[PDB]
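The data below hold one chain only, encoded as structure tokens and taken in the form solved without the ligand.
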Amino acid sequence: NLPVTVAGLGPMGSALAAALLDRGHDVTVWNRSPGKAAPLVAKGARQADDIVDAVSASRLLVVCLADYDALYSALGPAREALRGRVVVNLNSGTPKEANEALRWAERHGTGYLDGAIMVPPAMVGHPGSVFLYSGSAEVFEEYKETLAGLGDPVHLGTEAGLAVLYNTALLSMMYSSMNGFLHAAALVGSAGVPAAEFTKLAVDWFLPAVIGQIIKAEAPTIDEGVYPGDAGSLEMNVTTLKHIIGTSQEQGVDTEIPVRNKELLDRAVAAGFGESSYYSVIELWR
């Protein structure tokens, strides 16, 4: 029930304020532009038009600005009032913007934690919601119980840009994995298998038990950095991808996904990694 201020009332910011209201917090809401407060006010929020008033209402300042906006600007007029308060910033654009924001907050005597929301607005405050945080451990520990009302809180580290970096990484992985699933679905779909049927083997079993297990079994090899190909080489996987391409062609299914995959391996072979293990390809990318 502590007081909280939510600065930024777009879709995510409004969901945050609503979830805090539903946990019994005294929520004050601010937005630069008018018209977004009414549904929250109907649920018990207090509107504050002036950022200085909004910041002054609460020690905990949950900030979810629009992508174009910046913390230093939105909260600049409240610079004096910020001393002794805490910012949890949930919409940094890049790791460098999060690191700049932490420095700005420190200058003003404000605690800072950066966080990445790992679910859409409709799932904030519900089971499965996870928020990844980076920045002050003190803030994290002081407000963990409050933050746990929004989603399971995970503290990654003290470097402010880590949460944006993890989110970027996880989302990159998501898009690649989803595109792989869609090619797979197209392939079984050419024999009449519905996608929802296919998920029984593809998601309930293959994804965790094969894909996930293989990644866990291979991750220490990446960190070691040698990639011996004794027990299976990058070259051999090129052959598998050629077979996938040919099967896709015989089924009348577009080959872009496997072709782009094979291209990547061909580049590693041309860079000398053909007798190394598959995961050596990461070394092209850093």
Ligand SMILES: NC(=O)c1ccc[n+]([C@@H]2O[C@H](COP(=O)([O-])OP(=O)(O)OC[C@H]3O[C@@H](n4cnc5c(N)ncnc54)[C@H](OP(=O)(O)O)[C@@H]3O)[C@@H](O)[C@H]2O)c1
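For every residue, the number given is its place in the sequence shown, counted from 1.
Just so it is clear, the following notes concern the form solved in complex with the ligand, a form of the same protein that is not shown.
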Want to guess which of 84 to 92, 194 to 202, 156 to 164, 134 to 142 is within 4.5 Å of the ligand in the deposited bound form, heavy atoms only? 84 to 92
Within 4.5 Å of the ligand in the deposited bound form, do we find a heavy atom from each of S33, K36 and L65? yes
Could you check which residue among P77, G189, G180, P120 gets a heavy atom within 4.5 Å of the ligand in the deposited bound form? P120
Answer with yes or no whether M12 is in contact with the ligand in the deposited bound form, where contact means some heavy atom within 4.5 Å. yes
